[PDB]
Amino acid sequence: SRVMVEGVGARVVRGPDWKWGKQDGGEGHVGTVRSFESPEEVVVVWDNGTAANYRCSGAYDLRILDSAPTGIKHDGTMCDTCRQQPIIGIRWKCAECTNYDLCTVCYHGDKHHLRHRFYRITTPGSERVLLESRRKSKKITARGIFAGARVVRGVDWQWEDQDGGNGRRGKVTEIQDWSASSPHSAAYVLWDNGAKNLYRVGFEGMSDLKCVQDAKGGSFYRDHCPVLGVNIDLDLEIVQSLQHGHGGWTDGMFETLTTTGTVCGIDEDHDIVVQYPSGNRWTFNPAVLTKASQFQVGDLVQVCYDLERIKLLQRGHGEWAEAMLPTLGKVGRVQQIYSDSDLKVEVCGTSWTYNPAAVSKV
């Protein structure tokens, strides 16, 4: 029979039955499953430092963002994009293709076709759950202990005075695997005193670090996560073969394969310069990048006044509402550019979510 996996070390965010204000630090903020009091109750240590207990039966206060640190894996599978084998963590199987699967990183990282609907297969014992397409679903940003975050020592600190003392600060440079069997479970820190080392952020449910300034850790499809209990769209190899004399390849750039970058530079070397939320600048061949997007916060845009097309465009992105009718032809301001490249536009006082093709720059 099916049973619950008490996956200690799972990286979680708030769930559908959440009623605990901003204990987590807000929606999208990430925490670590420390332990299970019972099959009904779980204790989480949030990245902000607050440790608390939550429901994981009947009511569900938590969604699983990344189970990979628990080491749970689907032997006999492979992610057809990044070629992780076996898939560790949640398994995502394209329902509309023959024998195609993605890992969590690639799934939330918008690999494969966004209009193809996937099955979620959380555990080896799980029955597959058909989902809405990513393209019509809400995407939000993870926040907490990620590259660029400012941290202090956490509760499970057992590393003497490597940080120069309790309360002394450092910078997370990169999320790494504490071990081969537990990916995305560690954070490499460069302390303010020049010391540097790798620390547990999820491994065996341990929390060696605490945020004092959380960082963005990429975007995810919130409603596709199971309840607990500048862009690159080419193959790694095609990207590598294109970089032969236009920047080159170092593994430290892997982030780029699933992260939105801000084109802040061009250069004399017939190439491009991109910065990422990590804080990393990196150089590229023109063919490796695709725009996404052509708008900036503050840009004034006119809403499309062809109703047929805006209906098509908005429905295609799961954002149509008849209430939007009065906005046709109107000029508004780009308030925010979402991770799925849709635009939060302020128009007629109110704000709406638009397909970027449904507006034109004024």
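Residue numbers run from 1 along the displayed sequence.
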{"property": "Interresidue gap class [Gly229, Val230; deposited sequence, unmodelled]", "result": "10 or more"}
{"property": "Mean Cα B-factor comparison, 50-58 or 305-313, giving the higher one as deposited", "result": "50-58"}
{"property": "Residue range whose averaged C-alpha B-factor is higher in the record, 80-88 or 262-270", "result": "262-270"}
{"property": "Top residue by Cα temperature factor, when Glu160, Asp214, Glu132, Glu174 are compared in the entry", "result": "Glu160"}
{"property": "Residue, from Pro277, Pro183, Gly125, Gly144, that the PDB entry assigns the highest Cα B-factor", "result": "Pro277"}
{"property": "Relative C-alpha B-factor of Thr283, binned into the chain's lowest, middle or highest third", "result": "highest"}
{"property": "Chain-wide C-alpha B factor ranking for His246, given as lowest, middle or highest third", "result": "highest"}
{"property": "Chain-wide C-alpha B factor ranking for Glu37, given as lowest, middle or highest third", "result": "highest"}
{"property": "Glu204, C-alpha B-factor rank within chain (lowest, middle or highest third)", "result": "middle"}
{"property": "CA B-factor placement of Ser293, once the chain's modelled residues are sorted into thirds", "result": "highest"}
